[PDB]
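Okay, so we've got a single protein chain in two different forms coming up as structure tokens, structure 1 first and structure 2 after it.
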Structure 1
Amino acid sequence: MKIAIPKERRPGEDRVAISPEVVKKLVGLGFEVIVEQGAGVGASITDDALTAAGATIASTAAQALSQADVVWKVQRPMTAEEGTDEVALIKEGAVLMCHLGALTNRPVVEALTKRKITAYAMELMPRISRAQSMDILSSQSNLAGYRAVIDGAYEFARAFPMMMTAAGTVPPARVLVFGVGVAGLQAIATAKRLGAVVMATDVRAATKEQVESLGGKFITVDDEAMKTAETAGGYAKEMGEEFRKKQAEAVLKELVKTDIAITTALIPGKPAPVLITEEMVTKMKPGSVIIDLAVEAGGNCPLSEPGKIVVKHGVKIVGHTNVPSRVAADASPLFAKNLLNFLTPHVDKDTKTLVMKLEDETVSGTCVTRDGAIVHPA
């Protein structure tokens, strides 16, 4: 059996769906691991080290994928229209696991369907406790939360920590993080590390204890209606205009004192909720930064533009795309192990085969297509 990993061809994607450690275990399951030449240069993962882990190396993408029974990518394959038909390079009938973005990319799904390819979209991993070690949303949003604070600090003309000095007290920065998810919690931790004062807010009332354990102060808005705001999986729902104005008002007291504002809020299905409007940035101090991690999903701030730092009203509004890739050398070995944990339970004890348990809800909620038949209820 043969598993294969190409270099990511999409612009600015320095991640790779493999690591030396993860290759070791793949060989122990009975796979031949082939990796494209220079596939992990952006993640500081060398060709030598992959081969040292027990992996062949292909010169080209097509050469790595030619007789590959299973294929691991990070980002979704490019279609013929997009520039380079990577879907064609995959061997007909092989299984394909990656961040497919399937619910918004129907063209790439049915192209794989034309070649009997069984594609597993990892971003659809259900929110059950046992599949956290397989979750790519989670492992990558963690690093995205850290990176946001590093980006704020880079774009900020002041220093984070309080320092009493002979020239005078330099005050601590005031971070305020909207949305205390995986990314929000890491942002609080990282900003607190650098000596900031960190406020934060969320619709989910369970999140209150989490912020205060990291050393932050919580912003209460609707103590009653926040208990009726959490779903089965743990993600947020829509709150409407009533709550949006009680929040925008309650948070304004701190936002005019805020230096760095990190916004992470997401609502599955719907666009990202507006937490900071243009009217709100006018009240903010000049020299302030806003990091909008939800920018690729509309944004929590409408002023932010994907891939651009936007200066309006004396406030830099950062909207970097693919934030996790800005930490590729950490994001990659974590992405590789997400896939190793998804695949491991369905590999036979001694048989050299991949029997993907269709009963397993890890497999049911993930499988987009199989053998030329789109099984996902989309």
Structure 2
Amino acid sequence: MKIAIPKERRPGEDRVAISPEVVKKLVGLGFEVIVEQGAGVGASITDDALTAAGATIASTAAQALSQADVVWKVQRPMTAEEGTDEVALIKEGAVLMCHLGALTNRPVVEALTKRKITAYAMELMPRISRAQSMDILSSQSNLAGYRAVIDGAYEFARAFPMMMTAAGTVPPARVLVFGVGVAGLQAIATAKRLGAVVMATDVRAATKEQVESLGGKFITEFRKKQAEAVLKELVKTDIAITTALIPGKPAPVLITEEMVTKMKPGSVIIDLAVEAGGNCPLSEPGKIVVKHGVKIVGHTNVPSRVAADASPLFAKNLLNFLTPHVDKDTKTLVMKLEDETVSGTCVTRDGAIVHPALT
């Protein structure tokens, strides 16, 4: 019974799909852990670390895989049309667990299907309660929220907190968070714990209470004035963190160029939705853009910027979604087809595409 974790080859990815703890948990369940040397060095996890937990070490994505019964990865594998073929490295008919961006990447879904493999699109985890244990979307987008501030703070001259000094008083920084989600909330929190005067805004006014519960302060034809009340706040804002993301669609515009011009110079904007368009048309994926005196930071794969902490999490998100099925003693897997998660996850099993949305 082999479970194998390769190494992230997608550009910019530094997270691994495993942890020393997770190893023992798998090892205990009658599994053989295999990971290609230095597959987690980018996540501060070394070969030694694994091998002590009980993991054996491979030398190639290939020599790691061969007869891999179930595979663990953070980012969907690479088709050959991308210059490297990892799918074709997965023993035909194995179990693939990772975030496949499923709904968007048909090309890759079929490559797996052709190798007759069961792919479990983790980014489709059922929005239930038992499932929160195995949600990769919120465990990663959480740290992202933290990072947004750490990165926003870094690119900011002025200090965040209000400091008492013989030279007078240093006022605090005014942060403004768009979209109050797992990501957003963490932003608000850390931002405030840092000393900023945090203030959020979301279209779901059901959040005003969550924001307020974090010491935050919510902002309040309807948008004729709402989208305006924001102006009054944005004009006195130092950090503008945007995290609005509505899937399969380009992120909605929260900060238009027209607005960045009306802002105070020296200010910075973190556009975590940079990849899906960006809540700000000026944000360019990858680097920092400067215009109208404003720095518009739009990094990529933000969780990777927390790659060390985000990894042991992304591992559990898996280990969890998995163990219910490692049958009691028979020592095999058993994906309960009716089990809410599985029948929400799996996009294609031993043969062809099974998920509804794809048909």
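Between two forms, the rigid core is the largest collection of C-alphas that superpose within 1.5 Å. Residues are numbered by position in structure 1's sequence, first residue being 1.
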Just one of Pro107, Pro268, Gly93, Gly287 has a C-alpha that shifts by 2 Å or more between structure 1 and structure 2 on a rigid core fit; which is it?
-> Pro268
Core-superposed comparison between structure 1 and structure 2, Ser141 Cα displacement 2 Å or beyond | no
Core-aligned, does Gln247 move its Cα 2 Å or more between structure 1 and structure 2?
-> yes
Upon rigid core superposition, what is the positional shift of the Cα of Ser304 between structure 1 and structure 2, expressed in Å to one decimal?
-> 0.4
Core-aligned CA shift between structure 1 and structure 2 for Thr207 (Å) = 1.2
Cα of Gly168, core superposed, displaced between structure 1 and structure 2 by (Å) 2.3
